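Notes follow once the structure below has been shown.
These values consider heavy atoms only, across backbone and side chains, with no hydrogens, waters or symmetry-generated copies. Each residue takes its place number in the sequence, starting with 1.
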Amino acid sequence: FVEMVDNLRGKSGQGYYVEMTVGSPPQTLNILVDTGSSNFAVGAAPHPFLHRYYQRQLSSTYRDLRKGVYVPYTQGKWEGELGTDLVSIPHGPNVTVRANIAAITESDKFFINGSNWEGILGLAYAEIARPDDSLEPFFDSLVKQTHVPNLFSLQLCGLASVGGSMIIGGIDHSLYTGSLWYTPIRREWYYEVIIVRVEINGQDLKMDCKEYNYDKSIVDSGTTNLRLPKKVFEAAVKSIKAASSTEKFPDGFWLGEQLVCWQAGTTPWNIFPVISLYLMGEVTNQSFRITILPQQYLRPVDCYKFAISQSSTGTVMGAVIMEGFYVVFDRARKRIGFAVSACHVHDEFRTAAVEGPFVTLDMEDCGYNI
Ligand SMILES: Cc1cccnc1-c1ccc2nc(N)c(C[C@@H](C)C(=O)NCCC(C)(C)C)cc2c1
């Protein structure tokens with residue numbers, strides 16, 4: 001899938017985007033790739049932050065659905081007008097599909113001042129689409145209307161410019177080393193998975209595994225951090241604090257309130273521990289583990305920011321996790337594959353890893369239910 005390698009760009013902390021076209025004639029836009037939402041939404045008005053925007057008056061293939069959509073968030077909103085139009089991905093498969101598009105006509109704290117993207121591509125499932133699950137997401141339209149296989153994969157390589165690959169309809173085996181290991185998609189809404197054990201430098205946190213997935217755990221290209229449920233975060237920080245105690249840092253650093261700096265090329269990587277998440281495997285009583293380095297969770301802003309944070313919406317495996325691995329969203333088989341990424345950032349002593357099989361009992365008890 002050589003045509004698709006290196007089709008993602010971004011700025012550190014501003015997300016990864018892919019080039020798309022909308023309308024006839026085609027209008028080029030940069031679009032955030034977001035596996036934690038399910039709407040395709042593009043700027044359609046001259047917001048001063050935007051390089052460009054969708055001009056529906058210029059598209060002969062635009063169809064109005066005569067319906068509004070309002071999407072609030074914890075901080076901010078976007079609102080817009082629903083339609084369909086022809087959509088393509090220049091460095092993607094050689095197809096064009098009629099997709100739902102939310103034309104964003106009012107927003108708050110959505111667009112980023114200085115960013116180079118103008119819309120968002122929600123790759124998750126219809127259940128979490130707005131206004132409701134009747135609004136077919138882009139990828140569902142792509143699969144229904146073409147012969148593109150029902151899978152995509154992401155290699156996110158971690159303002160400094162970032163890059164990566166979104167392989168639509170397949171897997172590029174050059175982007176990873178070792179084998180892929182698969183964890184089930186527990187339910188098709190977010191890309192929900194189940195974490196069954198957590199270790200800091202090989203030391204088990206020893207929490208009830210239900211805590212790790214309270215109230216869900218998800219794989220999310222739209223989130224920068226590794227977000228953890230509050231109880232798990234405090235246990236995790238307590239352990240990471242202890243593991244790196246040969247140097248002391250202000251309390252505020254662990255809470256993301258401040259940076260920590262060293263002289264150029266003398267960051268003490270080795271004093272910081274690795275973080276392992278064991279995921280539910282394909283077989284009964286079988287798990288595997290993925291392991292990340294401080295190079296993943298200490299993010300440059302040589303000064304760095306702590307990129308693990310507490311959450312009330314569950315564990316969110318964002319870029320901190322994803323930049324370690326090639327991640328396969330195998331929708332056809334309701335599973336997510338992880339392999340060591342050929343592009344991940346590491347040092348001479350440690351590398352990110354994916355290892356198995358391990359024996360883990362009572363994994364079904366780790367999932368949260370109402
Ligand atoms: C909708 C919105 C308005 C203003 C600012 N941000 C957003 C927004 C857009 C896409 C997002 N995509 C994400 N993956 C996330 C994190 C994720 C765990 C999450 O909360 N997903 C639900 C996203 C939503 C369905 C658009 C509300 C947050 C998002 C927030």
Side-chain angles (χ1 to χ4, degrees), residues 8 10 13-18 20 22 29-44 54 65 67-84 87 89 92 97 99-112 115 117-143 150-154 156 164 166 168 185-193 215-227 309 311-322 327 329 331 336:
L8 303 183
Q14 286 181 358
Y16 293 82
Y17 58 81
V18 69
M20 303 183 70
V22 300
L29 302 171
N30 285 332
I31 304 293
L32 292 173
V33 168
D34 184 15
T35 68
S37 70
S38 306
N39 282 86
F40 182 37
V42 304
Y54 180 31
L65 287 166
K67 184 181 290 184
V69 57
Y70 184 83
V71 188
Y73 183 58
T74 52
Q75 297 278 289
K77 72 171 183 153
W78 67 252
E79 184 179 356
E81 303 175 356
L82 296 168
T84 70
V87 180
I89 302 177
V97 301
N100 291 310
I101 305 178
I104 297 171
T105 59
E106 186 176 318
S107 68
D108 179 64
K109 295 170 176 174
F110 179 61
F111 298 118
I112 294 171
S115 79
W117 56 265
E118 300 84 55
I120 185 163
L121 178 64
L123 288 167
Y125 297 97
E127 173 155 341
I128 66 173
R130 306 304 174 81
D132 59 48
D133 70 4
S134 77
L135 192 73
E136 179 174 89
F138 173 82
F139 205 88
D140 287 84
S141 302
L142 181 67
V143 168
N150 190 23
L151 98 56
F152 66 90
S153 48
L154 293 175
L156 303 186
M166 183 175 53
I168 300 146
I185 291 169
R186 187 196 184 195
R187 173 159 72 94
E188 297 156 295
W189 62 314
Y190 297 92
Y191 290 105
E192 189 185 2
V193 301
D215 64 304
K216 61 181 180 289
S217 296
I218 71 170
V219 186
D220 186 9
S221 63
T223 291
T224 298
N225 283 5
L226 171 57
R227 295 175 66 194
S309 62
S311 148
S312 59
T313 198
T315 298
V316 186
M317 300 174 66
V320 161
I321 293 291
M322 296 183 73
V327 183
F329 294 78
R331 292 157 63 97
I336 300 175

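The side-chain heavy atoms of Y16 and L154, taken from C-beta on, include no pair separated by under 4.5 Å. Between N39 and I120, the closest side-chain pair of non-hydrogen atoms is not below 4.5 Å. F329 is listed as a side-chain neighbour of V327, based on a closest heavy-atom distance under 4.5 Å. With contacts defined as side-chain heavy-atom distances shorter than 4.5 Å, the pair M20/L29 does not qualify. Proximity of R331 to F152: side-chain heavy atoms (C-beta onward) are separated by under 4.5 Å at one or more points. In this structure, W117 and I112 have side chains that are in contact, with non-hydrogen atoms separated by less than 4.5 Å.
Contacts of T315 classified as side chain to side chain contact (heavy atoms under 4.5 Å, CB included), with partners at least two apart in sequence or in another chain: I195, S217, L226, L228, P229, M317. Partners of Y190 by side-chain hydrogen bond (donor to acceptor under 3.5 Å, both in side chains), not counting sequence neighbours: none found. Here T313 pairs with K216, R227, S311, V316 under the side chain to side chain contact (heavy atoms under 4.5 Å, CB included) rule; sequence neighbours left out. Applying the side-chain hydrogen bond (donor to acceptor under 3.5 Å, both in side chains) test to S107 and every residue at least two apart in sequence or in another chain returns nothing. With sequence neighbours excluded, no residue forms a ring-ring contact (aromatic ring centres under 6.0 Å, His included) with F40. Qualifying side-chain hydrogen bond (donor to acceptor under 3.5 Å, both in side chains) partners for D215, counting only residues two or more places apart in sequence or in other chains: none. Residues passing the ring-ring contact (aromatic ring centres under 6.0 Å, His included) test with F138: none are found, sequence neighbours excluded. For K77, the salt bridge (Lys or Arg N to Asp or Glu O under 4.0 Å) partners two or more places apart in sequence, or in a different chain, are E79, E106. Residues passing the side chain to side chain contact (heavy atoms under 4.5 Å, CB included) test with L82, sequence neighbours excluded: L65, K67, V69, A102, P131, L135. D34 is linked by a salt bridge (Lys or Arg N to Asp or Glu O under 4.0 Å) to nothing, counting only residues two or more places apart in sequence or in another chain. Legend: residues meeting side-chain hydrogen bond (donor to acceptor under 3.5 Å, both in side chains) with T223, ordered by chain and number and at least two apart, are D220.
For the atom pair CH2 (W78) and OG1 (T105), the distance works out to 9.5 Å, reported to the nearest 0.5 Å. Here CZ of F139 is found 7.5 Å from CG of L123. Values are rounded to the nearest 0.5 Å. The distance from the OG1 atom of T224 to the CE atom of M322 is 12.0 Å, given to the nearest 0.5 Å. Interatomic distance, CD1 of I218 versus CH2 of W189, reported as 8.5 Å (0.5 Å rounding). Note: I336 CD1 to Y191 OH = 8.0 Å, rounded to the nearest 0.5 Å.
Judged by distance alone, with hydrogens and angles left aside, the side-chain atoms of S38 form no donor-acceptor pair with the main-chain N or O of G122 at under 3.5 Å.
Here the shortest heavy-atom pairing between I31 and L121 reads CG2-N, 3.4 Å.
The stretch residues 121-136 participates, sequence neighbours left out, in these side chain to side chain donor-acceptor pair (under 3.5 Å) pairs: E127-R187, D132-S134, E136-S141.
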